[PDB]
There are 2 protein chains.
Amino acid sequence: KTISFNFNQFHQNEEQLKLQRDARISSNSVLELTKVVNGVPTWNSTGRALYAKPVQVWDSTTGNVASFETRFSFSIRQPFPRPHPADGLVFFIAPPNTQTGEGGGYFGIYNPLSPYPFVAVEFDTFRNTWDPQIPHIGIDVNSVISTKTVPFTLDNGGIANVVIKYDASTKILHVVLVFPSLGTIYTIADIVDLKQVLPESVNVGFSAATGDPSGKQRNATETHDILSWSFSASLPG
Amino acid sequence: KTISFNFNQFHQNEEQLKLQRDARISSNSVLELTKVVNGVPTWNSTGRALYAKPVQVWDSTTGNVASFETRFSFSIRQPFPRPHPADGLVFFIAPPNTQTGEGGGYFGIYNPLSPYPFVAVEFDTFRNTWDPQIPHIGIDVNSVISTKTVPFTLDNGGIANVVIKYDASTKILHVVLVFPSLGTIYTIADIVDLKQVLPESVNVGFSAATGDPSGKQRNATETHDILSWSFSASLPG
Ligand SMILES: *[C@@H]1O[C@H](CO)[C@@H](O[C@@H]2O[C@H](CO)[C@@H](O)[C@H](O)[C@H]2NC(C)=O)[C@H](O[C@@H]2O[C@@H](C)[C@@H](O)[C@@H](O)[C@@H]2O)[C@H]1NC(C)=O
Ligand SMILES: *[C@@H]1O[C@H](CO)[C@@H](O[C@@H]2O[C@H](CO)[C@@H](O)[C@H](O)[C@H]2NC(C)=O)[C@H](O[C@@H]2O[C@@H](C)[C@@H](O)[C@@H](O)[C@@H]2O)[C@H]1NC(C)=O
Ligand SMILES: *[C@@H]1O[C@H](CO)[C@@H](O[C@@H]2O[C@H](CO)[C@@H](O)[C@H](O)[C@H]2NC(C)=O)[C@H](O[C@@H]2O[C@@H](C)[C@@H](O)[C@@H](O)[C@@H]2O)[C@H]1NC(C)=O
Ligand SMILES: *[C@@H]1O[C@H](CO)[C@@H](O[C@H]2O[C@H](CO)[C@@H](O)[C@H](O)[C@H]2NC(C)=O)[C@H](O[C@@H]2O[C@@H](C)[C@@H](O)[C@@H](O)[C@@H]2O)[C@H]1NC(C)=O
Ligand SMILES: OC[C@H]1O[C@H](O[C@H]2[C@@H](O)[C@@H](CO)O[C@@H](O[C@H]3[C@H](O)[C@@H](O)[C@@H](O)O[C@@H]3CO)[C@@H]2O)[C@H](O)[C@@H](O)[C@H]1O
Ligand SMILES: OC[C@H]1O[C@H](O[C@H]2[C@@H](O)[C@@H](CO)O[C@@H](O[C@H]3[C@H](O)[C@@H](O)[C@@H](O)O[C@@H]3CO)[C@@H]2O)[C@H](O)[C@@H](O)[C@H]1O
Ligand SMILES: [Ca+2]
Ligand SMILES: [Ca+2]
Ligand SMILES: [Mn+2]
Ligand SMILES: [Mn+2]
């Protein structure tokens, strides 16, 4: 069939969402993935938002795979330039009913203990041992070690428009990152076989994380706000 | 092996540009692919601009194929809404030393009498018998009958930002079309093996065309201006 939803803004206690950990909805409508107290982002924070109902990316009966397009706007404000903001946010697809994973450079989607598959598009702002310079957009498959990455300069506190598109017939997952205020455009694409790494039904959502305590740096933090979000998927048959 | 060039604007008879047919450079720096007399675009016009030097997309010795990224800004002003603007502009890669081809729906890159391979990204503004709804972005390979197309709404006379990127390792050619004034974003991608369709050395450039006389409609016209252009290619070879 063909599912599709769309939030032009968020309402406190959104029946259509599942907030986890530090994820909250501010009074003025934005989805704050990581904690921010009195206008200031704190470290040691991790949160995710999933769409309440599961979506079917493929049908084992027909063998068909769904194509999808999702658009969202986010904003990352980095109050403390030194020594290094962290960690970033990601959009991900995962099995339904998963639980927040490790924080820090794992964005809360990777769980070393009990690893579950996931396809995610990351917006990394802190350089871990496995990362190339930052910030960078990355395409992750079952691992936080991106298959493809591309650098980008962040518009601190500005608005970012993202477009993620998946064409099943070509298996191409292409993402676009635009900062309207700077007129800058960033693009990245890679081949991904959803049918090969994910179950027929999945959850889609966001996950973010601020500096991990082990880094011993309270400054290692930033905001991870989601302003709007629309999703559309087509599974012929 | 990295080649690259940037034009933040164009100047009267530039050293590194080969203008063909109606293509000219206005006194105020824009590259006008098709004819415009006294601020008005005319029909029966065709013009191309090629980068003076040839670029190497692949080496037959190593078998390696180059990856590349090119960005440009164009503007299409359609003064006459009825009966229909035509025909559009394209960015293309082709064997070196080619001559302008047929105009009209062929954008000046296809020559029925002496065909030559070419890879192109088109912004089609007229609907020929082989065309789907217009306007649309299309990826063409040796034919003006796109392998993949996506519709888009034009910002009449507005500025358009384009980003074309080719990743050799995945063979993915992804293009992004942004209209900053409307904040709209369009994206399309397909698999293309340059090594399979083009020679080692090629020319890169633009080509446009206005209504063909056979259409018997002088209003079938519009402008095809290129404001800026940057190109970068990397051959590991
Ligand atoms: C953590 O972020 C703090 C807020 O930006 C930094 O402190 C600020 O540092 C400025 C110069 O870097 C200085 O002008 C400000 O007065 C100060 N703001 C306040 C009132 O705290 C801090 O920078 C360093 O550490 C602080 C404690 C001071 O020693 C500064 O002189 C240092 O530059 C950031 N900590 C770091 C860099 O690890
Ligand atoms: C469409 O444009 C062509 C050139 O861009 C015209 O052909 C050229 O016309 C010139 C003026 O008539 C002539 O000096 C050139 O030799 C000739 N060269 C070419 C490319 O064929 C073409 O047709 C001409 O113009 C029309 C108006 C008639 O006068 C014909 O006899 C000419 O061939 C133009 N077609 C039309 C219908 O405008
Ligand atoms: C060819 O383009 C012309 C310029 O836009 C069209 O004329 C304009 O038509 C408008 C309504 O279509 C009218 O409000 C404008 O005043 C007029 N502008 C001028 C000075 O021509 C033209 O439209 C046709 O021809 C005109 C003279 C009228 O009879 C209209 O009813 C016709 O549609 C366009 N011709 C076409 C569509 O083939
Ligand atoms: C990072 O954030 C944690 C919140 O999830 C803090 O611990 C809290 O959660 C633990 C379970 O992991 C609970 O047992 C505690 O009640 C919570 N502690 C607090 C903040 O009230 C965590 O705090 C540190 O670690 C916990 C286990 C306690 O020892 C705290 O005193 C200690 O500060 C926090 N880490 C840091 C470095 O702040
Ligand atoms: O600043 C926040 C970041 O914290 C972690 O990043 C690593 C670095 O901060 C690194 C510094 O050398 O330290 C790592 O952990 C330490 C242990 O704490 C220490 O006991 C010893 O084992 O060495 C290691 C490695 O040096 C931190 O993991 C997060 O992983 C990162 O995402 C940021 O949030
Ligand atoms: O008006 C601009 C467009 O002109 C051509 O488009 C074709 C169509 O307009 C088509 C009508 O359906 O007519 C074609 O030409 C006619 C000949 O004039 C006629 O003698 C006979 O051969 O039939 C054909 C139609 O097949 C036009 O070519 C351009 O092709 C298009 O790109 C626009 O520029
Ligand atoms: Ca990281
Ligand atoms: Ca056409
Ligand atoms: Mn990364
Ligand atoms: Mn077309």
# chains A, B, ... in the order shown; residues from 1 in each chain; ligands from 1
>>> residues_near_ligand(ligand="ligand 5", cutoff="9 Å", atoms="only C-alpha atoms and all ligand atoms", output="VMD selection string")
chain A and resid 43 to 44 83 to 87 103 to 107 126 to 129 209 to 221
>>> closest_atom_pairs(of="chain B", to="chain A", cutoff="8 Å", atoms="only C-alpha atoms", output="JSON lines")
{"residue": "B:163", "atom": "CA", "partner": "A:185", "partner_atom": "CA", "distance": 7.7}
{"residue": "B:165", "atom": "CA", "partner": "A:187", "partner_atom": "CA", "distance": 7.9}
{"residue": "B:170", "atom": "CA", "partner": "A:190", "partner_atom": "CA", "distance": 6.8}
{"residue": "B:172", "atom": "CA", "partner": "A:189", "partner_atom": "CA", "distance": 7.3}
{"residue": "B:174", "atom": "CA", "partner": "A:189", "partner_atom": "CA", "distance": 7.4}
{"residue": "B:176", "atom": "CA", "partner": "A:187", "partner_atom": "CA", "distance": 7.7}
{"residue": "B:180", "atom": "CA", "partner": "A:180", "partner_atom": "CA", "distance": 6.9}
{"residue": "B:183", "atom": "CA", "partner": "A:180", "partner_atom": "CA", "distance": 7.2}
{"residue": "B:185", "atom": "CA", "partner": "A:163", "partner_atom": "CA", "distance": 8.0}
{"residue": "B:187", "atom": "CA", "partner": "A:176", "partner_atom": "CA", "distance": 7.9}
{"residue": "B:189", "atom": "CA", "partner": "A:172", "partner_atom": "CA", "distance": 7.5}
{"residue": "B:190", "atom": "CA", "partner": "A:170", "partner_atom": "CA", "distance": 7.1}
{"residue": "B:191", "atom": "CA", "partner": "A:170", "partner_atom": "CA", "distance": 7.4}
>>> residues_around(residues="region 116-125 of chain A", least_positions_apart="6", cutoff="9 Å", atoms="only C-alpha atoms", output="NGL selection string")
:A and (84-95 or 98 or 105 or 107 or 109-110 or 131 or 133-144 or 146 or 154 or 164 or 175 or 192 or 194 or 197-199)
>>> residues_around(residues="residue 227 (chain A)", least_positions_apart="6", cutoff="7 Å", atoms="only C-alpha atoms", output="PyMOL selection string")
chain A and resi 9+30-31+73-74
>>> write_last_selection(atoms="N, CA and C atoms", output="PDB file, in the first residue's frame")
ATOM      1  N   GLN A   9       4.441  20.940  12.705  1.00  0.00           N
ATOM      2  CA  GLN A   9       4.940  21.372  14.005  1.00  0.00           C
ATOM      3  C   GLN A   9       4.573  20.316  15.038  1.00  0.00           C
ATOM      4  N   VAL A  30       8.726  22.933  19.051  1.00  0.00           N
ATOM      5  CA  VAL A  30       9.822  22.164  18.471  1.00  0.00           C
ATOM      6  C   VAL A  30      10.120  20.881  19.233  1.00  0.00           C
ATOM      7  N   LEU A  31      10.652  19.898  18.513  1.00  0.00           N
ATOM      8  CA  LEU A  31      11.023  18.611  19.095  1.00  0.00           C
ATOM      9  C   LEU A  31      12.495  18.660  19.512  1.00  0.00           C
ATOM     10  N   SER A  73      13.357  19.553   8.930  1.00  0.00           N
ATOM     11  CA  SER A  73      14.178  20.722   9.189  1.00  0.00           C
ATOM     12  C   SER A  73      14.697  20.616  10.604  1.00  0.00           C
ATOM     13  N   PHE A  74      15.985  20.880  10.787  1.00  0.00           N
ATOM     14  CA  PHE A  74      16.542  20.812  12.115  1.00  0.00           C
ATOM     15  C   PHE A  74      17.410  21.994  12.359  1.00  0.00           C
TER      16      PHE A  74
END
>>> residues_around(residues="residue 195 (chain B)", least_positions_apart="3", cutoff="10 Å", atoms="only C-alpha atoms", output="PyMOL selection string")
chain B and resi 57-60+63-66+168+171+192+198-200
>>> write_last_selection(atoms="N, CA and C atoms", output="PDB file, in the first residue's frame")
ATOM      1  N   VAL B  57      37.799  11.645 -18.128  1.00  0.00           N
ATOM      2  CA  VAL B  57      36.888  10.977 -17.210  1.00  0.00           C
ATOM      3  C   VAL B  57      37.317   9.567 -16.827  1.00  0.00           C
ATOM      4  N   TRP B  58      38.221   8.981 -17.603  1.00  0.00           N
ATOM      5  CA  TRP B  58      38.741   7.655 -17.278  1.00  0.00           C
ATOM      6  C   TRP B  58      40.024   7.323 -18.026  1.00  0.00           C
ATOM      7  N   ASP B  59      40.815   6.432 -17.435  1.00  0.00           N
ATOM      8  CA  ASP B  59      42.092   6.005 -17.995  1.00  0.00           C
ATOM      9  C   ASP B  59      42.019   4.534 -18.360  1.00  0.00           C
ATOM     10  N   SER B  60      42.209   4.240 -19.642  1.00  0.00           N
ATOM     11  CA  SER B  60      42.153   2.861 -20.106  1.00  0.00           C
ATOM     12  C   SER B  60      43.333   2.021 -19.619  1.00  0.00           C
ATOM     13  N   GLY B  63      42.095   1.571 -15.864  1.00  0.00           N
ATOM     14  CA  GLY B  63      40.705   1.142 -15.838  1.00  0.00           C
ATOM     15  C   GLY B  63      39.864   2.011 -14.915  1.00  0.00           C
ATOM     16  N   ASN B  64      40.534   2.886 -14.173  1.00  0.00           N
ATOM     17  CA  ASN B  64      39.900   3.810 -13.234  1.00  0.00           C
ATOM     18  C   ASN B  64      38.996   4.868 -13.866  1.00  0.00           C
ATOM     19  N   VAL B  65      37.912   5.203 -13.171  1.00  0.00           N
ATOM     20  CA  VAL B  65      36.999   6.231 -13.653  1.00  0.00           C
ATOM     21  C   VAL B  65      36.985   7.401 -12.675  1.00  0.00           C
ATOM     22  N   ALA B  66      36.932   8.608 -13.222  1.00  0.00           N
ATOM     23  CA  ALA B  66      36.941   9.813 -12.409  1.00  0.00           C
ATOM     24  C   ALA B  66      35.619  10.089 -11.730  1.00  0.00           C
ATOM     25  N   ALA B 168      32.238   7.718  -8.783  1.00  0.00           N
ATOM     26  CA  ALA B 168      32.699   6.607  -9.605  1.00  0.00           C
ATOM     27  C   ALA B 168      32.557   5.243  -8.939  1.00  0.00           C
ATOM     28  N   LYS B 171      28.946   4.616  -9.125  1.00  0.00           N
ATOM     29  CA  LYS B 171      28.392   4.916 -10.436  1.00  0.00           C
ATOM     30  C   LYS B 171      27.123   5.727 -10.292  1.00  0.00           C
ATOM     31  N   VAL B 192      24.975   5.358 -13.798  1.00  0.00           N
ATOM     32  CA  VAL B 192      25.530   5.611 -15.124  1.00  0.00           C
ATOM     33  C   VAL B 192      26.990   5.203 -15.124  1.00  0.00           C
ATOM     34  N   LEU B 198      31.309   6.774 -22.664  1.00  0.00           N
ATOM     35  CA  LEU B 198      32.132   7.873 -23.150  1.00  0.00           C
ATOM     36  C   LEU B 198      33.603   7.523 -23.324  1.00  0.00           C
ATOM     37  N   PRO B 199      34.319   8.306 -24.140  1.00  0.00           N
ATOM     38  CA  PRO B 199      35.753   8.073 -24.369  1.00  0.00           C
ATOM     39  C   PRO B 199      36.547   8.596 -23.170  1.00  0.00           C
ATOM     40  N   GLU B 200      37.846   8.334 -23.135  1.00  0.00           N
ATOM     41  CA  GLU B 200      38.671   8.765 -22.014  1.00  0.00           C
ATOM     42  C   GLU B 200      38.688  10.271 -21.786  1.00  0.00           C
TER      43      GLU B 200
END
>>> atom_distance(atom1="CA of residue 99 (chain B)", atom2="CA of residue 202 (chain B)")
13.3 Å
>>> residues_around(residues="region 11-24 of chain B", least_positions_apart="5", cutoff="7 Å", atoms="only C-alpha atoms", output="PDB file with C-alpha atoms, in the first residue's frame")
ATOM      1  CA  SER B  29      28.558  39.050 -17.079  1.00  0.00           C
ATOM      2  CA  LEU B  31      26.265  33.596 -20.218  1.00  0.00           C
ATOM      3  CA  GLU B  32      23.327  33.666 -22.619  1.00  0.00           C
ATOM      4  CA  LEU B  33      23.062  30.282 -24.321  1.00  0.00           C
ATOM      5  CA  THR B  34      20.198  31.294 -26.570  1.00  0.00           C
ATOM      6  CA  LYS B  35      19.440  34.509 -28.460  1.00  0.00           C
ATOM      7  CA  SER B  45      17.884  29.768 -31.420  1.00  0.00           C
ATOM      8  CA  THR B  46      20.510  27.281 -30.295  1.00  0.00           C
ATOM      9  CA  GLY B  47      23.812  27.785 -28.511  1.00  0.00           C
ATOM     10  CA  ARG B  48      26.414  25.961 -26.441  1.00  0.00           C
ATOM     11  CA  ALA B  49      29.370  26.807 -24.226  1.00  0.00           C
ATOM     12  CA  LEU B  50      32.133  24.258 -23.671  1.00  0.00           C
ATOM     13  CA  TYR B  51      35.134  24.434 -21.379  1.00  0.00           C
ATOM     14  CA  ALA B  52      38.106  25.119 -23.662  1.00  0.00           C
ATOM     15  CA  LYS B  53      40.223  22.196 -22.454  1.00  0.00           C
TER      16      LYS B  53
END
>>> closest_residue(among="A:8, A:207, A:223, A:42", to="residue 156 (chain A)", atoms="only C-alpha atoms")
A:223
>>> atom_distance(atom1="atom 26 (C, counted along the ligand's line) of ligand 3", atom2="CA of residue 76 (chain B)")
22.8 Å
>>> select_by_dssp(residues="region 46-237 of chain B", states="strand (DSSP E)", output="compact mmCIF listing (two decimals) with N, CA and C atoms, in the first residue's frame")
# COMPACT_ATOMS: atom_id res chain seq x y z
N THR B 46 19.78 28.39 -30.89
CA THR B 46 20.51 27.28 -30.30
C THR B 46 21.94 27.72 -30.04
N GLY B 47 22.45 27.41 -28.85
CA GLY B 47 23.81 27.79 -28.51
C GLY B 47 24.40 26.91 -27.42
N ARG B 48 25.72 26.78 -27.42
CA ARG B 48 26.41 25.96 -26.44
C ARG B 48 27.67 26.67 -25.97
N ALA B 49 28.14 26.28 -24.80
CA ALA B 49 29.37 26.81 -24.23
C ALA B 49 30.10 25.58 -23.70
N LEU B 50 31.34 25.40 -24.11
CA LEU B 50 32.13 24.26 -23.67
C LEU B 50 33.35 24.79 -22.96
N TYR B 51 33.91 24.01 -22.05
CA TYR B 51 35.13 24.43 -21.38
C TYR B 51 36.24 24.16 -22.39
N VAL B 55 38.66 17.18 -20.57
CA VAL B 55 38.90 16.59 -19.27
C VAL B 55 38.89 15.08 -19.44
N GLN B 56 39.68 14.40 -18.62
CA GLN B 56 39.77 12.95 -18.70
C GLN B 56 38.88 12.27 -17.67
N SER B 67 35.69 10.76 -10.59
CA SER B 67 34.50 11.16 -9.87
C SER B 67 34.49 12.65 -10.07
N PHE B 68 33.32 13.27 -10.09
CA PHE B 68 33.30 14.70 -10.26
C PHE B 68 32.09 15.38 -9.64
N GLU B 69 32.24 16.68 -9.43
CA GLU B 69 31.21 17.52 -8.85
C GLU B 69 31.22 18.82 -9.64
N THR B 70 30.05 19.29 -10.03
CA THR B 70 29.97 20.54 -10.76
C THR B 70 28.76 21.29 -10.24
N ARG B 71 28.92 22.59 -10.05
CA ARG B 71 27.85 23.43 -9.55
C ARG B 71 27.68 24.62 -10.46
N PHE B 72 26.44 25.01 -10.69
CA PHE B 72 26.18 26.16 -11.52
C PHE B 72 24.83 26.78 -11.17
N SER B 73 24.65 28.02 -11.59
CA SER B 73 23.40 28.72 -11.35
C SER B 73 22.88 29.21 -12.68
N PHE B 74 21.60 29.00 -12.94
CA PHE B 74 21.03 29.43 -14.20
C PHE B 74 19.74 30.15 -13.93
N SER B 75 19.20 30.76 -14.97
CA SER B 75 17.94 31.45 -14.86
C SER B 75 17.21 31.31 -16.19
N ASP B 87 13.04 25.54 -25.35
CA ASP B 87 12.86 24.11 -25.07
C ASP B 87 13.52 23.68 -23.76
N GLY B 88 14.56 24.41 -23.36
CA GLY B 88 15.25 24.08 -22.13
C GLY B 88 16.75 24.08 -22.31
N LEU B 89 17.47 23.78 -21.24
CA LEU B 89 18.93 23.76 -21.28
C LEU B 89 19.45 22.48 -20.66
N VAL B 90 20.70 22.16 -20.96
CA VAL B 90 21.31 20.97 -20.42
C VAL B 90 22.78 21.17 -20.10
N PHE B 91 23.27 20.36 -19.19
CA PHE B 91 24.68 20.35 -18.84
C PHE B 91 25.08 19.02 -19.47
N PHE B 92 26.18 18.98 -20.20
CA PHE B 92 26.54 17.72 -20.80
C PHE B 92 28.03 17.42 -20.87
N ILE B 93 28.31 16.13 -21.07
CA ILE B 93 29.66 15.61 -21.20
C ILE B 93 29.61 14.93 -22.55
N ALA B 94 30.62 15.15 -23.38
CA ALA B 94 30.64 14.55 -24.70
C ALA B 94 32.06 14.42 -25.24
N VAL B 119 26.51 12.32 -22.00
CA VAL B 119 25.78 12.11 -20.76
C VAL B 119 25.27 13.50 -20.45
N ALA B 120 24.01 13.62 -20.10
CA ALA B 120 23.47 14.94 -19.84
C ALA B 120 22.40 15.05 -18.76
N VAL B 121 22.32 16.23 -18.18
CA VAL B 121 21.31 16.52 -17.19
C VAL B 121 20.52 17.66 -17.85
N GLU B 122 19.24 17.42 -18.09
CA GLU B 122 18.42 18.40 -18.76
C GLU B 122 17.33 19.03 -17.91
N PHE B 123 16.99 20.26 -18.27
CA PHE B 123 15.94 21.00 -17.61
C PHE B 123 15.04 21.34 -18.79
N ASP B 124 14.13 20.41 -19.05
CA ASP B 124 13.20 20.44 -20.16
C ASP B 124 11.97 21.25 -19.84
N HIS B 136 10.71 19.39 -16.17
CA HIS B 136 11.25 18.24 -15.47
C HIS B 136 12.76 18.15 -15.60
N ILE B 137 13.39 17.57 -14.60
CA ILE B 137 14.83 17.35 -14.62
C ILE B 137 14.93 15.97 -15.23
N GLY B 138 15.89 15.76 -16.11
CA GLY B 138 16.04 14.45 -16.71
C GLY B 138 17.49 14.06 -16.86
N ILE B 139 17.77 12.77 -16.75
CA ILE B 139 19.13 12.29 -16.92
C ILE B 139 19.12 11.55 -18.26
N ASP B 140 19.92 12.06 -19.19
CA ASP B 140 19.98 11.49 -20.53
C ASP B 140 21.30 10.81 -20.84
N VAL B 141 21.22 9.66 -21.50
CA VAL B 141 22.40 8.93 -21.91
C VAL B 141 22.27 8.56 -23.39
N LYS B 148 15.58 8.67 -16.37
CA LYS B 148 14.89 9.00 -15.13
C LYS B 148 14.49 10.46 -15.20
N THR B 149 13.30 10.78 -14.72
CA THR B 149 12.86 12.16 -14.74
C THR B 149 12.13 12.48 -13.45
N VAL B 150 12.07 13.76 -13.11
CA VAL B 150 11.36 14.20 -11.93
C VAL B 150 10.80 15.59 -12.22
N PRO B 151 9.53 15.81 -11.92
CA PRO B 151 8.96 17.13 -12.20
C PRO B 151 9.39 18.21 -11.22
N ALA B 160 18.31 29.67 -10.04
CA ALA B 160 18.28 28.26 -9.70
C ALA B 160 19.69 27.77 -9.43
N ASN B 161 19.86 27.04 -8.33
CA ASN B 161 21.16 26.48 -7.97
C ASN B 161 21.14 24.99 -8.27
N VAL B 162 22.13 24.54 -9.01
CA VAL B 162 22.22 23.14 -9.37
C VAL B 162 23.51 22.53 -8.86
N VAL B 163 23.44 21.27 -8.44
CA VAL B 163 24.60 20.55 -7.97
C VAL B 163 24.56 19.17 -8.61
N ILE B 164 25.55 18.86 -9.42
CA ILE B 164 25.61 17.56 -10.06
C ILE B 164 26.85 16.88 -9.51
N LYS B 165 26.68 15.67 -9.01
CA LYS B 165 27.80 14.95 -8.44
C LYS B 165 27.83 13.54 -8.97
N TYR B 166 29.04 13.07 -9.27
CA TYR B 166 29.20 11.72 -9.78
C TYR B 166 30.22 10.96 -8.97
N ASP B 167 29.77 9.87 -8.36
CA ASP B 167 30.64 9.05 -7.54
C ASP B 167 30.98 7.81 -8.36
N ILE B 172 26.95 6.36 -9.15
CA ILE B 172 25.75 7.16 -8.93
C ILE B 172 25.92 8.59 -9.40
N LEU B 173 25.01 9.03 -10.27
CA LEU B 173 25.03 10.41 -10.72
C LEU B 173 23.82 11.04 -10.04
N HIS B 174 24.05 11.93 -9.07
CA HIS B 174 22.94 12.59 -8.40
C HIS B 174 22.96 14.09 -8.63
N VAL B 175 21.78 14.63 -8.95
CA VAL B 175 21.65 16.05 -9.20
C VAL B 175 20.66 16.67 -8.23
N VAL B 176 20.92 17.92 -7.87
CA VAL B 176 20.06 18.65 -6.96
C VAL B 176 19.73 20.00 -7.58
N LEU B 177 18.45 20.34 -7.54
CA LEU B 177 17.95 21.58 -8.10
C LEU B 177 17.29 22.38 -6.98
N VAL B 178 17.81 23.56 -6.69
CA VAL B 178 17.24 24.40 -5.64
C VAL B 178 16.89 25.80 -6.13
N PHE B 179 15.73 26.27 -5.72
CA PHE B 179 15.26 27.61 -6.05
C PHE B 179 15.23 28.36 -4.72
N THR B 184 12.32 25.69 -2.49
CA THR B 184 11.99 24.36 -2.98
C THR B 184 13.24 23.58 -3.36
N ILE B 185 13.19 22.27 -3.15
CA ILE B 185 14.31 21.39 -3.45
C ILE B 185 13.86 20.20 -4.28
N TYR B 186 14.60 19.89 -5.33
CA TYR B 186 14.27 18.77 -6.19
C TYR B 186 15.52 17.91 -6.32
N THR B 187 15.34 16.60 -6.28
CA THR B 187 16.47 15.70 -6.38
C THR B 187 16.22 14.49 -7.27
N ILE B 188 17.24 14.07 -8.00
CA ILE B 188 17.12 12.92 -8.87
C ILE B 188 18.48 12.22 -8.99
N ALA B 189 18.46 10.90 -9.15
CA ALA B 189 19.70 10.15 -9.26
C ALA B 189 19.50 8.88 -10.07
N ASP B 190 20.57 8.42 -10.71
CA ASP B 190 20.51 7.19 -11.48
C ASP B 190 21.92 6.63 -11.62
N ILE B 191 22.00 5.37 -12.02
CA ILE B 191 23.29 4.71 -12.20
C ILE B 191 23.74 4.89 -13.64
N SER B 201 38.81 11.03 -22.87
CA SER B 201 38.82 12.50 -22.80
C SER B 201 37.50 13.02 -23.34
N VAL B 202 36.98 14.06 -22.70
CA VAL B 202 35.70 14.64 -23.11
C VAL B 202 35.65 16.14 -22.90
N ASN B 203 34.55 16.74 -23.33
CA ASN B 203 34.30 18.16 -23.15
C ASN B 203 33.10 18.25 -22.22
N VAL B 204 33.02 19.30 -21.42
CA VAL B 204 31.88 19.48 -20.54
C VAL B 204 31.33 20.85 -20.85
N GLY B 205 30.03 21.04 -20.70
CA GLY B 205 29.48 22.34 -20.98
C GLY B 205 27.98 22.40 -20.93
N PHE B 206 27.43 23.46 -21.52
CA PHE B 206 26.00 23.66 -21.54
C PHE B 206 25.51 23.80 -22.97
N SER B 207 24.21 23.56 -23.15
CA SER B 207 23.58 23.68 -24.45
C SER B 207 22.12 23.96 -24.19
N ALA B 208 21.55 24.86 -24.98
CA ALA B 208 20.15 25.24 -24.84
C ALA B 208 19.52 25.46 -26.20
N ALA B 209 18.21 25.64 -26.22
CA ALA B 209 17.51 25.86 -27.47
C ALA B 209 16.10 26.39 -27.24
N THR B 210 15.66 27.26 -28.15
CA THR B 210 14.32 27.83 -28.10
C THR B 210 13.45 27.16 -29.14
N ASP B 225 20.00 31.50 -19.33
CA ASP B 225 21.20 32.12 -18.82
C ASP B 225 21.93 31.34 -17.73
N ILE B 226 23.26 31.30 -17.85
CA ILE B 226 24.10 30.65 -16.87
C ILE B 226 24.82 31.78 -16.14
N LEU B 227 24.63 31.85 -14.83
CA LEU B 227 25.23 32.89 -14.01
C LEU B 227 26.62 32.60 -13.49
N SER B 228 26.86 31.38 -13.03
CA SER B 228 28.16 30.99 -12.47
C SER B 228 28.39 29.51 -12.71
N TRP B 229 29.65 29.07 -12.65
CA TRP B 229 29.92 27.67 -12.90
C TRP B 229 31.26 27.18 -12.35
N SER B 230 31.22 26.10 -11.57
CA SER B 230 32.44 25.52 -11.03
C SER B 230 32.44 24.03 -11.32
N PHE B 231 33.61 23.48 -11.61
CA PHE B 231 33.74 22.06 -11.94
C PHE B 231 34.98 21.49 -11.29
N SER B 232 34.90 20.24 -10.86
CA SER B 232 36.03 19.57 -10.23
C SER B 232 35.96 18.09 -10.55
N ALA B 233 37.10 17.52 -10.95
CA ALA B 233 37.16 16.09 -11.28
C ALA B 233 38.43 15.45 -10.73
N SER B 234 38.30 14.21 -10.27
CA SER B 234 39.43 13.48 -9.71
C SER B 234 39.60 12.12 -10.34
>>> select_by_dssp(residues="region 122-227 of chain B", states="helix (DSSP H, G or I)", output="number ranges by chain")
B: 194-197, 213-215
